[PDB]
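Add 2 to a position in the sequence shown, counting from 1, and you land on the number used in PDB author numbering. Beta carbons: idealized from backbone N, C-alpha and C, even for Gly.
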Amino acid sequence: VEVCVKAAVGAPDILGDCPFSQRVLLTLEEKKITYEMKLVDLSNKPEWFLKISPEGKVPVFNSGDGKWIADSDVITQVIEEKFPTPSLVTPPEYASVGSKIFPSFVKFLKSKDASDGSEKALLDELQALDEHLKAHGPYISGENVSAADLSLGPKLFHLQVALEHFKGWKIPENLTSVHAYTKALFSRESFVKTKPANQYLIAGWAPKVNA
């Protein structure tokens, strides 16, 4: 088992901040699968990587056969089929939970005009996630962590770190179910082992925020 993930911006021999690559890693960590992690510097991609990912995209996964798979959605489904135990299956009904939070965070983060509706749109998506988590918590599905949490968790981590750093913005205390969820998700062994260091997540966003 092998996976190519994004290396840290300015530190090519260190794990980077790709939220989709972290979703793959969280899945491998929760399922206790032995895997080789291959770090890819996206600013200076090597030859071995360009051969297996010609579009130059990460994550890219290998199950055992030399067949490299792209798209973290296909990758996590491939892992679930080949390694069904322990279960990470999220019921299809809760698949879309918190999906609009990440692009709304990115839109608000990149915003330089406070008079636009980017702060409100993001608050609405977070209010809707708190509603789901109050009715179906602590996680997206039951009391147990599932696939959808490993997709959303990293996206929420970027939201937390980047919005605190660049705008001094935090998720309101009003959303208790969201806070309980991030506190539980981020403190999990798998998350502690695969999260980028604050420094590297900021170095990842900095040129995008300033552009």
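Under the rule that 16 or more other beta-carbon atoms within 10 Å means buried, what is residue i, buried or exposed?
i    : result
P86  : exposed
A116 : exposed
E95  : exposed
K157 : buried
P21  : buried
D75  : exposed
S143 : buried
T36  : exposed
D118 : exposed
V194 : exposed
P198 : buried
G170 : exposed
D67  : exposed
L52  : exposed
How far does the alpha helix (DSSP H) with residue i in it extend, from its first residue to its last?
i           : result
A164        : 149 to 169
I142        : Unbroken run through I142: none, as it is neither H nor E.
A205        : 200 to 212
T29         : 21 to 32
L52         : 49 to 54
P105        : 103 to 112
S89         : Neither: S89 is in no alpha helix (DSSP H) and is coded neither H nor E.
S179        : 178 to 188
residue 228 : Here the chain covers residues 3 to 213 and nothing more, so residue 228 does not appear.
Looking at the secondary structure, which residues open and close the beta strand (DSSP E) in which residue i lies?
i   : result
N64 : 62 to 64
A13 : 13 to 17
Which residues share a DSSP beta bridge with residue i?
i   : result
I71 : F63
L41 : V7
For residue i and residue j, which I take to be in contact (beta-carbon distance under 8 Å), what is that distance rounded to the nearest angstrom?
i    : j    : result
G18  : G206 : 7 Å
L90  : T29  : 6 Å
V7   : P61  : 6 Å
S192 : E31  : 4 Å
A72  : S55  : 7 Å
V180 : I173 : 6 Å
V99  : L131 : 7 Å
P88  : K33  : 6 Å
Taking 7 Å as the CB-CB limit, is residue i close to chain C?
i   : result
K69 : This model lacks chain C altogether; it includes just one protein chain.
Next on the checklist: Any contact between the stretch 148 to 158 and the stretch 17 to 34? By contact I mean 3 or more CB pairs, one from each, below 8 Å.
Outcome noted: yes
Checklist entry - Would the stretch 8 to 18 and the stretch 200 to 207 be scored as touching if the rule is three or more Cβ pairs under 8 Å? => result yes
Checklist entry - Is it true that the stretch 125 to 139 meets the stretch 97 to 106, where meeting means three or more beta-carbon pairs spaced less than 8 Å apart? => result yes
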